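Just the one chain here, the form deposited in one PDB entry, laid out as structure tokens.
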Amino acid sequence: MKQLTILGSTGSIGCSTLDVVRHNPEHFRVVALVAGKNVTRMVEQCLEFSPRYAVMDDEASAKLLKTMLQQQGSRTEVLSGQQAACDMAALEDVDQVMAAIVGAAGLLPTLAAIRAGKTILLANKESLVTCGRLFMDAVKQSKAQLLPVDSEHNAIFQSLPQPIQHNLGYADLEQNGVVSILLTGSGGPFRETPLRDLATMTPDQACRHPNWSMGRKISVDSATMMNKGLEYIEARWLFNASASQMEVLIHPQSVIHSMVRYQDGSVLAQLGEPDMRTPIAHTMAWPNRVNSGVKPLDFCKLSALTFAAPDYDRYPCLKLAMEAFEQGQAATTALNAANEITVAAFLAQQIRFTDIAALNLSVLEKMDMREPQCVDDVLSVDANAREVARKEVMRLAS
């Protein structure tokens, strides 16, 4: 049996992860749950799975949680704060850490798991994007194995040969017959929206993905295709790919999750229902397999699968992220930090949908800072670009 600490257990991926455990009691046991403010969800999960520990990031939420748990007679002890999260990710009995906190806030707890040599089920993409080579150095230095959870990177992982799978980010693609990595695809809920209508799209409209049920941040990133930009940066670190070995493709139907080109013409791909339990269960069981709760993909009830090239006028964010990689880690760290702030601003109805890409570009220009040489510098650049992002948000606020 394998034992998990789940970071961000109350989110969409954390809930999908717990459902995989729920469908496989004899293979998986949850030792610790870690979240932020969602008390009702955490108390559902603590009473159900009886974890040893439960962390809420915010102190007042931990108090409410302990009151309900101690009333029912639960054995789950409640802690709080960032360091508690880091300690839960480094427990001796833990075999796997589902890194599924949203944004760069999940960096430090995820790095604690990596320093303790845990198997990292990596979903929290903003952490790798913002930390870059320093994240990959930390994994190599320790005894830790990265298993990508993100639909796209998991699909690519499953379509890569074993020398790559067993030396992720350090193996050579060309030596193993890989020409490029094909990153798909959805294109968001405003794919077919007229360009001049994009600015009037509300948060509720941006969070209604046709195929995916996700958190709010990641759903807005799907709409702007900043998600694909962040996954592009991430894929280059995860799979040791250069700009010329990367491709980006819109696939509206979200059936194909991503692909890998090979020298002989072959393209290996992962397919299935647009449902995160599948890739989550891939990593939890790898190199074996388990049932995830997802039913078999019925090919006779599908929409015709199409592909199209991404239009940078429709998706200014994609361009921002792809060029931020060429600009370096300071700009990338600054971009991700800015995108976190502007997406939050958009959801709070402070700015318009298309203001996300305008203000993101603005923050990047106003940032002038040295390339991070350590994790502290990564957080200093992140903190400083958030300050700038907030100022710009208020420059477009009613």
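Start at 1 and count along the sequence shown; that's the residue number. Here the rigid core means the biggest group of C-alpha atoms that line up within 1.5 Å when the two forms are laid on top of each other.
Not on display, but discussed next: the form deposited in another entry.
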property: Sole member of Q83, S142, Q205, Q158 with a C-alpha shift of at least 2 Å between this form and the one not shown (core-superposed); result: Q205
property: Threshold 2 Å Cα movement between this form and the one not shown at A112, rigid core reference; result: no
property: Shift of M322 between this form and the one not shown at or above 2 Å (CA, core fit); result: yes
property: Rigid core superposed: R352 CA moves 2 Å or more between this form and the one not shown; result: yes
property: Sense of the change in Cα distance from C207 to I13 in the other entry - at least 3 Å versus the shown form; result: closer
property: Shift in CA distance, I120 and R216, in the other entry relative to the form shown here, given it is 3 Å or more; result: farther
